[PDB]
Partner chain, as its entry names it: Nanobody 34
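Encoded as structure tokens, the following chain is the form solved without its partner chain, with no partner shown.
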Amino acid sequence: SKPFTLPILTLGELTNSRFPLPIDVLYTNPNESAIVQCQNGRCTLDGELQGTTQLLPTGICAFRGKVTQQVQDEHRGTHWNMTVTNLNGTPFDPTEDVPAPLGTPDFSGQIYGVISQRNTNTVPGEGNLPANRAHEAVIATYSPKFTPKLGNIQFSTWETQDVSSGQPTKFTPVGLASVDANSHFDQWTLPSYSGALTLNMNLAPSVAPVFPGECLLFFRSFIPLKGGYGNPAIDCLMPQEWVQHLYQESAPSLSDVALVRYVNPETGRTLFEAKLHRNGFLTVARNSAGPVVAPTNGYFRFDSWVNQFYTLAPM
């Protein structure tokens, strides 16, 4: 077969697969009460992308489409209805066996970013060039108007008027607007991709430890905020570079569980070991929550294929 490998990129050379951020730390939270079932950063060890996962770092939490309607807020701000396409610009076919267009955000929150437009029509007197505009925007993924699987979403602006209808529109994500209670930030709560009364479909499966004393290991990034108090984070199961690597290699999985070692390349010693599961997630034997304190030169190296009964050395 084709032997299994991971990239040799270090922690400071990896990026988050659920938001466009660098990886900051490795992280555990054994007492997590939520089901973990994120939809971006999902890839099996033999290279099958799942959920809404696509390969571009620029596509994570991105949208493309056109604005169709302006609707003022009751109190403050303006909302804009947007039809969405696939990120490559082709029409999104809701019968496609995916939860939503690839790259769609996979958590509840107010996602802050920039909406930009480049008009289709050009002006001969301007050298056959189009008009443009961009503004700060927020997409509330818990909104009843957040229906990307039906091909449409809503975003809000503080801008009151300068958003054009019928013109190509791009959303570049930047961070969150708020993590106040009213902003419903919960990184493990999936949006209702078709609206509140409708079941999500075609999901990548939930992940969990199955061996006693094990917990999930995450690649954690801190996410910027537009305002208010907080130090919010987004935890992914594998960095985007691992998704890209696994997709290209398509190495056969020889068992359900690979043993991997986090190594310090200077010393060559194993700092700790982890189980890398077939569905594309890590567990470790750790009985505590918080960051993993590790040498900056550390990375994961594949050791061998094991099974669910393998006992990891405690962290």
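Here, rigid core means the biggest group of C-alpha atoms that superpose within 1.5 Å across both forms. Numbering follows the first chain given and starts at 1.
Here the subject shifts to the form deposited with its partner chain bound, a form of this protein not shown in this document.
- Though the partner is left out of this view, residue 102 does reach within 4.5 Å of its partner chain in the entry with it bound, counting heavy atoms only.
- Interface residue remark: residue 250 is counted as part of the site for its partner chain in the entry with it bound, having a heavy atom within 4.5 Å.
- The closest non-hydrogen atom of residue 163 lies beyond 4.5 Å of its partner chain in the entry with it bound.
- Of the heavy atoms in residue 181, some are within 4.5 Å of its partner chain in the entry with it bound.
- Taking a 4.5 Å heavy atom cutoff to its partner chain in the entry with it bound, the contacting residues in 67-98 are 93, 95, 96, 97, 98.
- With the rigid core aligned between the shown form and the other one, only one of 88, 198, 206, 72 has a CA shift of 2 Å or more: 72.
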